[PDB]
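Worksheet for the structure shown next.
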Amino acid sequence: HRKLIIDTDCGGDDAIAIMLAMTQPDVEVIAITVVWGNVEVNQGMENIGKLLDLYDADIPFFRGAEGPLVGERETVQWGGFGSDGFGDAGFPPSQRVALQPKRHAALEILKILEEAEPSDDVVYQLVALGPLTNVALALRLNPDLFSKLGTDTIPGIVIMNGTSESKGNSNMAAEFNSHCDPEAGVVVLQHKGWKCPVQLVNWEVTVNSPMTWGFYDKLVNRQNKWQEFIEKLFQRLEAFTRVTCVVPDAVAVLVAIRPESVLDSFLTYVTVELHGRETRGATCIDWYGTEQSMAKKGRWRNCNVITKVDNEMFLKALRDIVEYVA
Amino acid sequence: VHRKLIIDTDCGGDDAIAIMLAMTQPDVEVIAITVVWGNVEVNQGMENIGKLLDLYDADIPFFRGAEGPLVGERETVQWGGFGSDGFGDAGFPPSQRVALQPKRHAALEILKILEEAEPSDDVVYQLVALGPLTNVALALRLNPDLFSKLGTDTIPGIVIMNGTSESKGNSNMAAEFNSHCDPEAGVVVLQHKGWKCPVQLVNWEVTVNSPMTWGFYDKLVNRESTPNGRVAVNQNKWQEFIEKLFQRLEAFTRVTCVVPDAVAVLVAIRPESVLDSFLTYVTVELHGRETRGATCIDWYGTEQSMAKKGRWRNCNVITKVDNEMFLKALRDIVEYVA
Amino acid sequence: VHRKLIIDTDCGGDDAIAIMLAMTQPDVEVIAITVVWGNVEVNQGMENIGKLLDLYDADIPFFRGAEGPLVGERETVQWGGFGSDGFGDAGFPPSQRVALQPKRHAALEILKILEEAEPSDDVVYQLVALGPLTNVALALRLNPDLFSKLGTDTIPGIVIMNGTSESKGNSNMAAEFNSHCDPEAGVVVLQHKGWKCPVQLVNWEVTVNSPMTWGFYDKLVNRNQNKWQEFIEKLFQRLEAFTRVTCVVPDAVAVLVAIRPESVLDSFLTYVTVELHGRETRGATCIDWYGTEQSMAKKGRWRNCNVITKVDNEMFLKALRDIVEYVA
Amino acid sequence: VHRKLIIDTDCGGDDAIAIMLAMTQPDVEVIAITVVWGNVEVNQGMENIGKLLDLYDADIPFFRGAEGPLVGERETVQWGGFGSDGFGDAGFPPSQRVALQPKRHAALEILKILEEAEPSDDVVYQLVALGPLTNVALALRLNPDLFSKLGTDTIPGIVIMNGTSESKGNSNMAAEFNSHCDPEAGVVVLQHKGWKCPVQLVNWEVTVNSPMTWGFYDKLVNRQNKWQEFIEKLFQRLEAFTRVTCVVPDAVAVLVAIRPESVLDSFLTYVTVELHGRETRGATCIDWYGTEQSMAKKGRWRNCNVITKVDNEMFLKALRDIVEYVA
Ligand SMILES: [Ca+2]
Ligand SMILES: [Ca+2]
Ligand SMILES: [Ca+2]
Ligand SMILES: [Ca+2]
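Protein chains in written order, with the authors' numbering: chain D, 3 to 224, 236 to 255, 274 to 357; chain B, 2 to 255, 274 to 357; chain C, 2 to 224, 235 to 255, 274 to 357; chain A, 2 to 224, 236 to 255, 274 to 357.
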């Protein structure tokens with residue numbers, strides 16, 4: 003049984019990803035932590051509330067950082083999902099928002115880790131679907147508790163972050179979440195004491211595991238109440254971009288909870304550039320480094336670069352979202 | 002007007018003189034000491050603060066903070082001017098106070114103090130930072146709103162010993178130690194929205210400009226001679242401690276002795292000691308090769324040019340401190356009766 | 002179309018194969034070889050070119066160029082894959098051609114050749130750069146206008162073995178050797194206004210994707236030799252001992286792209302530049318994958334560079350095969 | 002000692018006063034003027050030098066140099082303090098000298114001059130740089146060895162108006178214009194091995210500390237002769253824009287080159303230019319506390335004399351000498 007903390011900036015693919023986690027057996031989302039990114043934290047809170055209304059779930063969700071770990075944001079809000087990142091769909095506003103605790107998301111990660119009881123029946127995982135600010139902030143406050151995540155075998159942290167080929171979608175080199183907070187990425191990747199290397203679910207690997215617009219049409223039944242919500246959520250994205276639809280965060284959640292969906296990967300040293308002009312936020316990957324090269328430069332195999340996900344397993348998981356009975 | 006201070010510190014020789022100055026001034030109360038990495042490691046820092054509070058018998062609580070920069074490995078080296086422990090290698094008796102202290106991270110303690118703070122016309126809270134800004138930045142990103150509880154519209158909420166005014170760097174060619182230790186933290190502090198008063202930047206050059214003479218020092222610690230020659234004759238426990246604390250620094254460098280952190284504490288509690296300053300936009304360079312940690316100052320920026328760049332006057336660069344008031348405050352340390 | 006090539010080079014093992022390729026292809030004539038620092042120092046490079054031209058008894062002139070980057074000390078290290086002289090440590094007889102060469106800096110020679118050139122659609126001049134771009138940048142800064150004499154509206158004037166398309170850096174984590182050697186020079190080349198055709202970027206990954214097999218190599222070198240095969244066996248002997274299923278010969282791929290444009294099976298035309306200021310990414314190749322006409326105009330960007338993504342391996346092997354079968 | 006100067010310039014208002022100072026001093030001869038981009042474009046610059054030489058009837062040759070930085074697009078803006086042409090928008094008659102000038106790029110002219118230079122104890126050669134260092138850097142990478150012909154063991158071969166001593170940047174927060182214009186070029190000049198004497202750095206703050214008064218200026222232009241009339245016209249926009275003191279930085283640099291006794295204070299140490307900072311690109315980095323052992327450990331040496339005080343009295347007298355010149 004997996005217990006997940008999902009850290010998110012609450013866009014359309016974040017919603018599909020959360021839906022995937024909540025409709026999979028032997029998985030329980032125990033907290034949702036909101037971070038700035040594609041929409042502002044206040045709007046994010048509203049989005050999560052609307053998504054949890056749909057499920058009637060009593061999962062607690064928390065306000066996190068409104069900007070980067072260090073300095074003004076150097077990225078722009080995309081707007082691909084619409085002005086609220088959620089379809090501008092007219093969902094009824096949620097009464098869940100005001101009920102939520104005041105605790106900063108970072109302090110909540112720590113509280114959950116503190117209260118966590120790892121055994122072989124119950125494993126805890128953090129999946130990060132937005133800029134890493136909340137996670138970095140928690141890490142520098144109490145680094146030790148992060149060893150409670152994962153197993154020697156099961157990854158404690160999976161992140162939707164960076165590139166494997168520096169096809170940047172934010173600047174020329176850097177992926178959005180990474181570019182949003184490069185400092186936070188360094189803190190996550192440099193951290194000592196993960197039980198398993200960070201799993202890097204990067205842009206290119208999600209591009210190569212998309213859904214077809216044809217598949218989408220069938221998903222949304224071109236109706237039970239889940240398909241209706243997905244149609245409304247994706248309506249702006251659909252008008253703006255529609274042969275394939277890339278749903279990155281959902282790929283990340285799939286990697287976390289079905290590790291067999293990883294068909295190919297490369298375990299090596301990875302870090303984030305902080306200081307370049309065109310390359311701030313770039314993912315730097317030691318492709319050729321030997322154990323002897325790394326020792327010399329104080330590197331180590333800290334990151335598993337995911338290079339191929341099983342598309343078939345992904346589609347089935349999406350299919351499972353719309354067939355879910357509580 | 003009573004001041005309640007939080008002092009964030011990396012626990013070197015000049016940090017000790019600064020805390021001594023805060024603790025011996027009337028209408029001032031140090032309510033918490035938060036320890037940060039810098040010239041000594043946090044563990045050693047804790048031991049230093051404990052030895053300093055033994056001297057006073059003070060029950061001020063102190064807290065372990067960050068062991069390294071906000072982001073990445075330290076890019077500075079430990080100076081060693083005050084000795085291997087940054088505190089004289091003097092054989093002070095180890096303190097029993099250390100083990101008694103609460104486990105709380107220093108950052109969470111700043112937030113707790115701010116949360117419990119009850120500012121009024123008669124009570125003002127101030128944060129004086131005497132080391133790398135890591136703890137402060139960390140507290141700031143967790144709960145930025147609480148920081149408006151510091152200061153008044155008139156009295157500065159934050160005074161930092163940090164940076165340069167002329168980029169005479171003492172860590173690399175351009176950057177001062179504390180700034181260079183954690184440039185990212187400095188950006189967080191200076192870019193923060195909602196300080197009641199601009200950050201007061203007590204920089205390297207203004208502290209160099211307000212030093213003590215070795216001759217003054219000799220009198221501070223009751224060395225005399227004639228007769229015959231230089232020896233301490235009837236030292237109080239404050240002078241004895243100061244003599245032991247500075248003994249390595251003295252052997253390494255000894274006409275003037277610069278005590279930067281003490282100057283910053285003076286600025287915080289006696290604002291009339293600021294003879295000259297320049298209010299403008301200041302930030303810290305994060306990305307240069309030779310200039311990482313540099314203090315960048317908008318010397319010629321107008322209201323118009325700052326508006327167009329998303330700048331504002333966020334920092335008061337202190338350029339002259341009253342040396343006479345500084346010496347008197349040091350004098351007041353050795354004359355203190357509880 | 003008769004091609005006249007200027008080959009700028011740091012005179013390593015793959016540089017030699019590349020030059021051999023140019024010199025054994027019909028309707029191609031190498032008219033100058035300009036030497037640049039890189040995997041070997043300029044003096045050693047001069048010696049290498051001399052020994053290669055001895056083999057052919059070619060009277061092609063060759064020139065000393067920059068001994069270091071456009072700006073600052075080198076931030077790369079000499080690889081040593083081809084041996085201590087970058088040329089097999091093979092005991093080739095030293096060349097008498099070296100002392101005969103003109104004193105002219107390589108940069109000023111590029112300018113002289115461009116000045117004397119009569120370009121038409123029958124006779125095209127092409128610069129192929131196989132090393133750090135120092136000499137080219139330096140020439141470009143001094144007389145940028147003359148560089149329009151290279152190429153056609155159809156045929157590329159400049160082809161460079163440079164950069165990555167995927168930031169699999171072989172010098173630091175992100176940057177390829179030639180690019181990391183001189184990132185400033187790379188910006189000068191890619192930012193230059195007035196190329197008739199975009200710069201062709203023969204990057205690391207595309208050359209990795211078009212290698213030779215060690216088996217192919219054994220046949221190339223006949224495994235009763237001829238003089239070309241003997242020289243290739245000796246040139247690659249250290250590389251072979253150090254690394255030997275596939276052998277990557279990047280500079281040869283670049284020369285192939287310059288003289289047989291039909292070997293480019295796939296490419297992407299967009300805006301490309303080189304990072305100057307990153308800590309881990311100095312020398313990185315920055316490629317505008319998603320740039321549109323609207324986004325590029327706002328950013329002062331334009332489609333300046335053709336990123337080569339697949340070369341025809343079959344055409345490549347045939348061209349290497351043609352080296353060892355050459356009769357003057 | 003007879004001095005032979007090459008003056009590298011971006012042709013603004015203080016560049017003109019500076020060149021006028023060089024041309025009106027005894028035992029000085031300007032033998033070439035090399036034009037570089039900066040406050041005005043090279044084409045405009047050429048026009049300006051031509052108008053200045055018309056005034057003197059001088060047959061000094063001048064050359065077109067770099068239109069932009071050594072590497073990448075300019076990251077600075079044209080100031081416009083001296084007006085739209087950097088020269089007063091004054092209506093000076095256009096010069097017939099421009100079309101006569103050789104086509105040689107300025108960089109290759111520096112090399113030709115150095116190649117033909119004949120140093121002796123009677124004749125010393127100096128390069129004074131009054132703009133972005135692009136031309137000088139470009140000449141240095143092409144043929145570094147020739148640059149040892151400049152100077153003496155005692156007399157500086159290169160004097161530059163460049164950088165800051167206190168990082169009071171007038172282009173960004175940290176950097177001075179010329180330095181910010183071309184940081185890469187500054188590294189090339191400062192890192193060069195083989196100068197006979199350290200580079201003399203005539204920086205922004207020391208020139209601010211040796212200005213002229215507007216009152217002095219009034220007396221200078223006779224508030236009249238052909239020299240004064242020209243100076244009044246050249247400074248007319250600057251005067252309307254800014255007018274107690276008027277800073278004339280390039281003139282201070284020329285003064286330091288030709289009257290070394292005007293340097294009242296300086297500090298010899300290791301200096302370089304930041305290439306990679308966001309806010310500090312173009313900053314002057316100075317090793318204030320470096321020692322002989324500390325510098326050796328880090329591959330540094332004393333490559334640069336940071337000028338910290340110039341004799342204002344000597345400066346004013348030299349300006350005074352401009353308007354009293356008889357050929
Ligand atoms: Ca997201
Ligand atoms: Ca301190
Ligand atoms: Ca090569
Ligand atoms: Ca000028």
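Yeah, the Cβ is synthetic: ideal placement off N, Cα and C, and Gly gets one too.
Just the C-alpha distance for residue i and residue j, rounded to the nearest angstrom, thanks.
i      : j      : result
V43/A  : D86/A  : 11 Å
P95/A  : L143/C : 27 Å
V277/C : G69/C  : 26 Å
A281/D : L22/D  : 7 Å
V41/A  : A130/A : 15 Å
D90/D  : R98/D  : 19 Å
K339/D : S211/D : 8 Å
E354/D : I18/D  : 14 Å
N173/B : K104/B : 35 Å
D123/C : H3/C   : 6 Å
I20/D  : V284/D : 8 Å
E304/C : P184/C : 7 Å
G92/A  : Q79/A  : 20 Å
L147/C : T135/A : 20 Å
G312/A : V189/C : 19 Å
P279/D : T35/A  : 57 Å
Taking the alpha helix (DSSP H) that residue i falls in, what are its first and last residues?
i      : result
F247/A : 238 to 254
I288/B : 279 to 288
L141/D : 135 to 143
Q323/D : 322 to 327
Which two residues bound the contiguous beta strand (DSSP E) that contains residue i?
i      : result
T299/D : 293 to 299
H3/B   : 3 to 10
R65/D  : 63 to 65
For residue i, count neighbouring Cβ atoms within 10 angstroms of its own Cβ and tell me buried if that reaches 16, exposed if not.
i      : result
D60/A  : exposed
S166/A : buried
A100/B : exposed
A252/A : exposed
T25/D  : buried
What are the partner residues of residue i, as DSSP defines its beta bridges?
i             : result
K339/A        : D295/A
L202/D        : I161/D, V336/D
residue 258/A : Coordinates for residue 258/A are absent, as chain A skips straight from 255 to 274.
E225/B        : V232/B
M213/B        : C276/B
Find the nearest neighbour of residue i within the set the options, judged by alpha-carbon distance.
i      : options                        : result
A357/B : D9/B, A19/B, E30/B             : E30/B
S180/D : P27/D, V137/D, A287/D          : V137/D
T310/C : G39/C, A140/C, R4/C, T77/C     : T77/C
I114/B : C315/B, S149/B, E322/B         : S149/B
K238/C : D11/C, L109/C, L53/C, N49/C    : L53/C
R350/B : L298/B, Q248/B, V293/B, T214/B : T214/B
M162/A : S121/A, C182/A, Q240/A, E343/A : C182/A
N204/B : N335/B, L6/B, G39/B            : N335/B
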